[PDB]
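Here you get one chain, nothing else, as structure tokens; it is the form deposited in one PDB entry.
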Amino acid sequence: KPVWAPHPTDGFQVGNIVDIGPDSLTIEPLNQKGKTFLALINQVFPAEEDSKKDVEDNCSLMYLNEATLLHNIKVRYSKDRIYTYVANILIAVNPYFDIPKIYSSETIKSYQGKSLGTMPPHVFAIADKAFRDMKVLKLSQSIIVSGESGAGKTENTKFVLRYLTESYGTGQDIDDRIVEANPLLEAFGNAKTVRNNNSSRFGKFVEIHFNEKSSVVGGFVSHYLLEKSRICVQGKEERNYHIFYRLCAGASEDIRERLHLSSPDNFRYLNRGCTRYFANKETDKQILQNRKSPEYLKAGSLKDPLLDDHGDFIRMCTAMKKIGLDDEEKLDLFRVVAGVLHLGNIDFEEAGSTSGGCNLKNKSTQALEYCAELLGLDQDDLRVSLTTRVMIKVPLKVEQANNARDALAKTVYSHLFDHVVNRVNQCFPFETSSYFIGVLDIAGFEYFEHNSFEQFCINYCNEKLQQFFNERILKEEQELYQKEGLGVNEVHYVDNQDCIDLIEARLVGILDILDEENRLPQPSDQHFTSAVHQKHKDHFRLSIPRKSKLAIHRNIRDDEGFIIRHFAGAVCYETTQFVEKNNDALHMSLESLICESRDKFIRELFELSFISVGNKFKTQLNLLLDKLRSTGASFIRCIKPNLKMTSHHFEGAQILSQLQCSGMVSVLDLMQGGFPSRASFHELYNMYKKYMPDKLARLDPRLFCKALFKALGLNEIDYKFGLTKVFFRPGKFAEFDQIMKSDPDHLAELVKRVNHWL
């Protein structure tokens, strides 16, 4: 018989055991005879007999192991079937292309009210089960989309939101408003990175709120830590926020004239990264030459199946129009973006023998004049504010004034993003709700050749939502089966709590130590990294940069960084700028300048000075987890198929790692013997009690239940009685749902089914 043995690029490979050794097992690869390779007994797994067949729920496999899970997903993906279940947990593999019809209004309809497994695996099925559960259990529900940057969490978040609003959303205006919020938030909070062209530089929790009649009454979006660094500088293969690029590419000649824009290369805050636009043959025609940078003219447009800076400019303006933003609201946003750009251009030169600190360069006068009109400020008030920091006024050197000009741009932009999120929430408000369905789209786990505070926070976040997973799915589920007395085989796992204890320990964790450094008279990123390593050498999720597998990082000094061996893989961090990046506060000179601005819109944005970024984020996430622990949790596991952003290119070994890190290999072991559907046999009996005859009344609840299942052709293997509740095996969700249907015409109809059974 043929088995699954390891392969370096495919993850696994087919062949049969030809010989047994003390340490290992000699395997001969299938297709070609004679040639052999050796693999360990533990590294060898049984395969399915039918290699061509695919299953919708991995729990239906003959052999439930990491090699059979990978193969099922692989086959499904080749046939363009990106969704697969592991009981009620959905695995989504990024197609990197538009699969026709699978997100159509026809498909949306086909999924409505259908039980899990009575339709193919789909995000819609996860969204509908979460709606059924809300309506039935009278308990608010949470949808958690996980995966690394490029996995497909943002697209899947959007798919679910489109399903819910189209399905259970009135038919009125509010329904589409929740949908048109994402392209607006993506304009300001999404940017081209190397892992993803449409990367989410912020985390979000979108709640769809319902009344007791289970009809949408509005929504609420929560946002988490928009990347401030990206506003000023980027790397040649990455860009600033999409808004800058859509505006430069698609603005009417009047807007270009009014905002004083030109090709991205003229702007400091853009020209360090990519100055190329997302376009095709058609759209590249629609962008005027006075917007095209030399890089664009020499190398061409950036290619993307979904992104298009021109087509997305009109599409965002149309989203603003559909959510109630008038032409004034629109321009005010544009003036701030433009103001931020011109602000960036402002350059300084050493004064020495005049003021002491520095002045503004002679060719920075245009930038200053333009920046002032857009931000409703006096040019000199601005000129003073950037060159002299009062602390009794004090002058600033060239480097210090550069830091000042960037700090103000960052705050101004962030405040515009907080305004957009707010204005978005204002387009779908409500006085009160009963239950909600919230979708969690964090910023996915990322790492590059150079990793600072940004990555440390994004990954600390990814750590937290993975801790919620271990809790809900493995710790609590096994605890239930145990408390009820089912004797399901215990599954031990690689817990990610130690990593979190390392970061957020009150007074002695990385975050509270970093805070202490900011609070010192002369802070240091070197002194910071020292105290981190000195408290107290030992910890499994921490190592000095020279201990990295990648050559690149082995040149980093002990005090210059640290590696964090995360759940999703190890990431070496360069601790430079950590202290600075941990200060959310803005000097009061710049704070007062922008607050006392002759422009209402700018004033309205703004409603030792130190504010911890890290601990503000700890607080933010801890509120979210409380919100999350109160709801019923549903999980979507997005998988990135390759690192080349291509379709029909399944990297086996790469996906296998993702299946292992997400703990889906662990879940698969527990679902092999777990019962995902369950109900109290007394509450179930009491629900039917009003319509059952004396004969059925005299019987103990367990016996009526046993008879009702034995009427709906269930099997002794399918269900199992606990101490208080009845439990149901995977692939029996359809059955479980009808058994649980609280509708009196169904309940009484089922008593008749039972009566004839005897």
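In this text, the rigid core denotes the largest set of C-alpha atoms whose superposition between the two forms falls within 1.5 Å. Don't overthink the numbering: it's just position in the shown sequence, from 1.
Quick note: we don't show the form deposited in another entry, though the next part is all about it.
In the core-aligned comparison between this form and the one not shown, the C-alpha of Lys537 is the only one from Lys79, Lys537, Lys101, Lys600 that shifts by 2 Å or more.
Once both forms are overlaid on the rigid core, the distance between the two CA positions of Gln497 between this form and the one not shown is 2 angstroms or more. Annotation: Cα of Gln658 displaced by less than 2 Å between this form and the one not shown, core superposition. With the core superposed, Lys330 shows a C-alpha displacement below 2 Å between this form and the one not shown. The Cα-Cα distance between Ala568 and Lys153 is lengthened by 3 Å or more in that other deposited form relative to the form shown here. Between this form and the other one, the CA-CA gap for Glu399 and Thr354 narrows by 3 Å or more, being smaller in that other deposited form.
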